[PDB]
Amino acid sequence: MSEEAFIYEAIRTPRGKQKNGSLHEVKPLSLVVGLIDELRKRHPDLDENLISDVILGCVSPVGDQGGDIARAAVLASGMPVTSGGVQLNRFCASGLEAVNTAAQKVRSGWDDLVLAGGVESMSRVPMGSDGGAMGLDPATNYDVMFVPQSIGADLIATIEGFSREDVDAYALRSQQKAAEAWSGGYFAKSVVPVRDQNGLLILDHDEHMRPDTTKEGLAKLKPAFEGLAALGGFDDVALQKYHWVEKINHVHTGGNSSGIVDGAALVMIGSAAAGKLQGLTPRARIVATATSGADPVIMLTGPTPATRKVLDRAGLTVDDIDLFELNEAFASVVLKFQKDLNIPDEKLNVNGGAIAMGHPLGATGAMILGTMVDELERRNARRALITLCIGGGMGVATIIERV
Amino acid sequence: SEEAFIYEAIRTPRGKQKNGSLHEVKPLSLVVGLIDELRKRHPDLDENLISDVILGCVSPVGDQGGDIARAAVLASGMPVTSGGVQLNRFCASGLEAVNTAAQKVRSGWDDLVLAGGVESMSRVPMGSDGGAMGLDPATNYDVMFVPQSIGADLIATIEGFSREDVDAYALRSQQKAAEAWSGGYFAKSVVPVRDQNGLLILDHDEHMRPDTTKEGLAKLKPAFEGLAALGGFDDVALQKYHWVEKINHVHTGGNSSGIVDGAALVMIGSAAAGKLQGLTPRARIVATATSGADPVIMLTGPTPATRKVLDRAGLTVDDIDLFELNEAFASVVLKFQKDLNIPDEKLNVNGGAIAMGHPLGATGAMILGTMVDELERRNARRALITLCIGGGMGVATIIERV
Amino acid sequence: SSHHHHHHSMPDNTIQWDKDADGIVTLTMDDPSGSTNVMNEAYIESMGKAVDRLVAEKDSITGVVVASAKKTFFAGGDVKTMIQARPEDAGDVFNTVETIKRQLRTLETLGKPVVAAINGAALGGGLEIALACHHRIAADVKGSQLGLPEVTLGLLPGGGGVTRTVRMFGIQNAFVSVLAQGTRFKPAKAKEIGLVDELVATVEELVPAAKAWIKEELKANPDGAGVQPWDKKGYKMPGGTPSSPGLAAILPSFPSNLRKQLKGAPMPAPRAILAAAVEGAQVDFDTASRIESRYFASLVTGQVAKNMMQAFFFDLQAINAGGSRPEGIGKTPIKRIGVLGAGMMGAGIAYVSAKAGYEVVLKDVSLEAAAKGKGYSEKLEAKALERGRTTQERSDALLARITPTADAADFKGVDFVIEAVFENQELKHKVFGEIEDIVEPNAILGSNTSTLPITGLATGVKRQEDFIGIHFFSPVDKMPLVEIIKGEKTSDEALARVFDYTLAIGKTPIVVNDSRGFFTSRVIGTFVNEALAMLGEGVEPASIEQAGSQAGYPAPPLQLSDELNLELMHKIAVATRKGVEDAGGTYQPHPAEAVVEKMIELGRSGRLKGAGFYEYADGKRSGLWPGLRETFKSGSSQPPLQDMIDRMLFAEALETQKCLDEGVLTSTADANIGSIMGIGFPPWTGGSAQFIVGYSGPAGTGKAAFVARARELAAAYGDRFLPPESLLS
Ligand SMILES: Cn1nc(C(F)(F)F)cc1B(OC[C@H](O)CO)c1cc(C(F)(F)F)nn1C
Ligand SMILES: *[B-](O)(c1cc(C(F)(F)F)nn1C)c1cc(C(F)(F)F)nn1C
Ligand SMILES: Cn1nc(C(F)(F)F)cc1B(O)OC[C@H](O)CO
Ligand SMILES: Cn1nc(C(F)(F)F)cc1B(O)O
Ligand SMILES: Cn1nc(C(F)(F)F)cc1B(O)O
Ligand SMILES: Cn1nc(C(F)(F)F)cc1B(O)O
């Protein structure tokens, strides 16, 4: 609880779309190596032997993402063999868990400088490719009453009273703020364009974005998790636990849910001595982290107790946080989070979110963390809180302070 | 700072690969059984105080995909706030989970954490998860991928370990594992696996061959000569180690780690957490460290990792009472013993993976708990646990009995 | 390792051995202890002896034929053994089915063809024996059935049925079509789905056709003779294994779909079948078979299987044997039936009576109404043609026996009357007065009645000896119980004639002594009133309906209350208030009566009037009434779901005990089967009486645990849950 952990760099690739995406031809190992080489470009005299570990989140560590992709990135990029490399999977919060684990490894005093982030090429390795101890075990699947994240989001909208127009209004809000952030140049220094082995450009923007989105177009979209609940019977299973609810209002579509995209993110985290030894300017400080959870089946109410726990841990309140960043897995989860904690609208996902730019599962946590490092510096604000809902029913939150 | 203590350290028996007792048992069930044993030992434990469950797993696919740590939390009825994360650092995944749990406790942002690993190699074989290298010839070609087996034979060639030398260590491991079982050393930590009706499935380490003879070990054929020719990995290895003319293939199934199924769990928490829940600490995590060496030999990572964890705790070899290095291959342990001049009667004193097996993701937590018991049995003070890793990595941990 | 049930230190012999000059061994199963081959201790030792001999003489044996000398092939097991298996006997249960399957596995890997000569019914272990053979031939004879129905008893096919049907059809088709519901198949449909390979017309052709197939198989396929598909190098499971990408995408939806079908009811057998099926498809055949044994031991030693086995093998069999039928009476064949009333009840009674073969005269006030009553049978027969069950010939003869009329003279020559008009005593008096003289002098005077005592209805006819209550349940074509009510002047011969009529139309009878509400209507009243009480207390209606479905009922209680009509529930409470205040006392009003009147006051008295607890549009149910939550302030009371479930189950169980105390019922067999088939008491309980002796909760098991839980409900919800003295000491 002694060594303060600092963020020195936080970069990410652009997010390529699922259908006819620009990054579909790019191996997820190449997405990480490109970010490693960018860190070298910004700090050429850095002694990489001081880097003691590389922690990458990855929700589907199979195929191109199997065999400890973090260690593969270490060996492929020519980093020292002493730099380790570990893959971890905590569903949607894997990217932020890698950052938090790196920060906690620094706080323990037994690691000095760590790379953290995530990688997910969902166009090459789709969600569910890794099978699953739950889905292959009907005896347990039957008992825990497994219900996909999507039905829980519709259930949250049903319970909280969020209409189809309410969630589509937030989706339009995310598209507008993501376009304003790209036009204003907020992402110019942290989105590292992907290039091939000849230096040719592959992708330099978040191509899932639809900046010309309208209230009228969103209302025409069909609810996307309606045939999932009918053919799978997940509606009836959800209402067996939530027996006071009669019918689930299916409001979520492809336009108000997170996008299926490819991408990676890297964060350099180390102690103050590590920054001074290598001449690195600290950009922010990891104030506190927290892991919690809430009701399963609903699956997505986990970020509420995790935020209160990280605020209680840092001795802060909602009023002390300048920027709130919650992953836009589904619009109703953000609206529930905003309603529970009374988050001011001007502070919540101010540069857009996964509805506009995409949700590359294993990398999203580190992407939205780096987004808040940039926005605190741009606004000259002080504190930001970053959190993500998780599958199974858990949550992860992190507080950072600009330095 | 906040000190990290070990309160419980248990493991399942290790079932063999061919006609194994645990082949019918899902790896999720192996973890839940250990969770239920922790409850039997502390029925008034407030599980809401448990903030995470960190499991190592090298092949997280199929029965082991979908964050098996979270699945164990939900399957066992643990609170939904108890987390659940899977990690993979190859062979040290089990010890990395324990070390990460200890560092989470030292950071002050976690109070009580379950850590360990699970690997059902008979159901999910090694390499089932694909791999970012084998599917990428451009990077496989550049990093010079050579299987850990050939690197072990290469270590024996460079260091001058004969076939009789590695077989002599294999016999030593079978004897000490048999002496540990018959002596009752493992009685309290090995939790027999039972079915849904309470019927016994397995209560001992099947892979053990306690009637092993040095004549019988010499009759075995080198397991990795067929691998060396079909893949050309011998030539790839000698292109880097160009001063070596020919690799002496000394490793067999009798002097290499066994492919087995198993799981392990360790309860780690702060002193205030153990005080608040009525837990008696068994050992303290003094220091952890990670390093590595060449990724073509691959298995020389333990030496710098052990050297690093000793400098970090302000200790040397003569301060350590017991050394525990995973018996992935016999030459790796002999190399380790030669480099750091480890006394013979301090090294893997209760046998190792050659006798009992190497359930990849769980081995680090198994041998960690194996030292927790042997320190209390001998009333000794310090123990150092370390493992070689795929890709050329290494992890080490020093525990102190309390 | 052994083929035998004992390997230390004496059963009979049930299998005859015959080896022809060609080396074909014919095993003929002929258990001397009964008319049916059954998986008893004698069979296990007999098959073990035969399989040992098959291996010992393998050099002189070319093929095997498994046959039966009974009218059936093989059906069932020794139930007294399974029902007594305690949780501590799980090791012996496990070892027993492992021994049973070790015999079939050797028969299956003998290196030579084995053919099943299925002469009759092959049910459960009988089909499992056949599935161990390499080729199955069935004789298409009437009455023959093939299936694995052990899930209906709370068990699973633990003799290889799960493992082999999954290898044959894949996980999804084997579970849905064969295992989950234990579907029985006629020989023709069994061959269509692949459960049987060939058909023959008569049983005499079976053994010759089997030996002919063995001869041709050895000549045409000598390399794969006696080798099942799953024992070959390139075997590919239909629909894929769980690791195959196509099936792995939908496999997480299988438990949720099962939970949808069961509506959350606590039936562990389908869950165990799905687990054994999927887990078995992940491993080799022998490992899959051992997993199947473990899940089978979980069900046998469980309480639910003991409830279900008790209801079928002991209660239902005692009823079908004549347990409630009086002793001395013989037969009295019925020529012509007279149904009074052409509503859904009378038209349904006319359908099940004509389908069994009787001539039926269907009277109403007008021919227009009686014609629409026969139209109920026409539209049921129109759907039976399109689905292909009945033919075009038999359907025209079925409708031809229904004679719609309005003239009372058309009841000329009727020897069995079934009245089914409005629930009104003075109306029933008149309708029988207009009809008792036109009918035969020996005719049964039956009355379909829900609550009105039969003794009072009989005072409106001359021959009260032949007056009786014959209570049917809507819709009559699908509901299987007939509640026969014995009036005070009803003769023993009238009971036996209606008892035989109930069996003739393919329904199950119970005999009930005359009383208000009888058994079914009185007990189901405590079920609906308990839910209306919860609604008045402030419990959410959606939670009440979920509690009804998750308890295992076929219809949630508010949905059922809209179909019974609240005006009828009102005047039953008014009639019961006269049954006390006329005798000179005070009435104890059920708290549900206040909810019934508030709904009538609001003009929402059920489905007939267009609105009740649910809204109705276009003749279909359209969700709960939105104003229902404001009327009763729903959400103010939030008891746990298990309290709502227990309140409904305990109300009926306690009311069932009262009926046994008062003498309304004369056997617990009638109470269990009557509650299951009559009012839809959940099958997993084994009946509303078995619910007491076999109760299982977090506090314990048995009658003492039922009493303890009933006292928790009484202290928290009212004295109506206090147990009667008959359950105490
Ligand atoms: C009549 N019947 N025959 C079989 C046989 F196995 F012979 F094929 C199975 C059933 B059966 O289920 C009916 C089936 O589900 C169709 O509704 C049933 C009723 C009872 C009872 F005791 F509650 F009445 N118990 N069972 C197991
Ligand atoms: B064996 O005699 C048998 C059954 C049991 C158990 F407790 F598990 F029920 N224990 N033993 C020793 C046996 C088998 C059968 C049959 F019905 F054929 F399956 N019946 N018995 C009595
Ligand atoms: C006996 N049964 N089995 C199933 C299945 F296995 F397919 F899921 C469905 C039913 B069933 O009759 O539907 C209502 C139910 O019985 C009430 O709980
Ligand atoms: C005697 N018997 N046993 C079964 C079962 F389900 F166990 F296989 C079915 C019958 B039967 O329909 O008579
Ligand atoms: C009739 N029977 N008894 C058993 C028991 F309980 F002994 F295991 C199993 C069967 B069976 O497979 O039909
Ligand atoms: C009719 N049916 N029964 C099942 C189950 F789960 F019980 F087997 C599944 C379905 B289905 O949706 O086709």
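Chain letters run A, B, ... following the sequence lines, proteins first, then strands; residues in each count from 1.
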Heavy-atom pairs under 4.5 Å with chain A: which of B:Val61, B:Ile54, B:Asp110, B:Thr290 has the most?
B:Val61

A side-chain contact here means heavy atoms from C-beta on lying under 4.5 Å apart; do A:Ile156 and A:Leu300 qualify?
yes

What part of B:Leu55 gets closer than 4.5 Å to chain A, counting heavy atoms only: side chain, backbone, both or neither?
neither

For the side chain of B:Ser82 and the backbone of B:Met78, is there at least one donor-acceptor N/O pair under 3.5 Å apart?
no

Would B:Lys104 and A:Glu97 pass as an ion pair if we require N to O under 4.0 Å?
yes

Is the backbone of B:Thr288 close enough, under 3.5 Å, to the side chain of B:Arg312 for a donor and an acceptor to pair up by distance?
yes

Does a side-chain N-to-carboxylate-O contact under 4.0 Å join B:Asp294 and B:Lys240?
yes

Where does B:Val143 contact chain A at under 4.5 Å (heavy atoms): side chain, backbone, both or neither?
side chain

Do you know which of A:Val86, A:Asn89, A:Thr140 has the most heavy-atom pairs under 4.5 Å to chain B?
A:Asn89

Under 4.5 Å heavy-atom distance to chain B, tell me which part of A:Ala294 shows up: side chain, backbone, both or neither.
backbone

When you check the side-chain N and O atoms of B:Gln64 and B:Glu119, is any donor under 3.5 Å from an acceptor?
yes

Shorter than 4.5 Å, heavy atoms on both sides: which option in B:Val286, B:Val395, B:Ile389 has the most such pairs with chain A?
B:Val286

Can you tell which part of B:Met393 gets under 4.5 Å to a heavy atom of chain A, answering side chain, backbone, both or neither?
both

Interchain contact, B:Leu28 with chain A, by part (heavy-atom threshold 4.5 Å):
side chain

Please rank A:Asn100, A:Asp53, A:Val310 by heavy-atom pairs under 4.5 Å with chain B and give me the top one.
A:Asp53

With chain B as the partner, which of A:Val59, A:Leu88, A:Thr101 has the greatest number of non-hydrogen pairs under 4.5 Å?
A:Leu88

May I ask you to say whether A:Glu3 pairs ionically with A:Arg107, meaning some side-chain N is under 4.0 Å from a carboxylate O?
no

Can you check whether A:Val237 reaches A:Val297 side chain to side chain, under 4.5 Å on heavy atoms?
no

Most chain B-contacting option - heavy-atom pairs closer than 4.5 Å, from A:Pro296, A:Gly131, A:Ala288:
A:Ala288

Heavy-atom pair count under 4.5 Å with chain A, highest-scoring of B:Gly65, B:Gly390, B:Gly292:
B:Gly65

Donor-acceptor under 3.5 Å (B:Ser29 side chain, B:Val25 main chain):
no

A:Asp137 and A:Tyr142: side chain donor to acceptor below 3.5 Å
no

Under a 4.5 Å heavy-atom cutoff, which of B:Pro304, B:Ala92, B:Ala132, B:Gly77 has the most pairs with chain A?
B:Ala132

Tell me, out of B:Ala75, B:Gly62, B:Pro60, B:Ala71, who's got the most heavy-atom pairs with chain A below 4.5 Å.
B:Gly62

Select, from A:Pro28, A:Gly85, A:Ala290, the one with the greatest count of heavy-atom pairs under 4.5 Å involving chain B.
A:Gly85

For B:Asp261 and B:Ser122, test the side chains for any donor-to-acceptor distance below 3.5 angstrom and give the result as yes or no.
yes

Chain A contact via B:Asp67 - which portion, at a heavy-atom distance below 4.5 Å
both

Heavy-atom contact with chain B under 4.5 Å, split by part of A:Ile51
neither

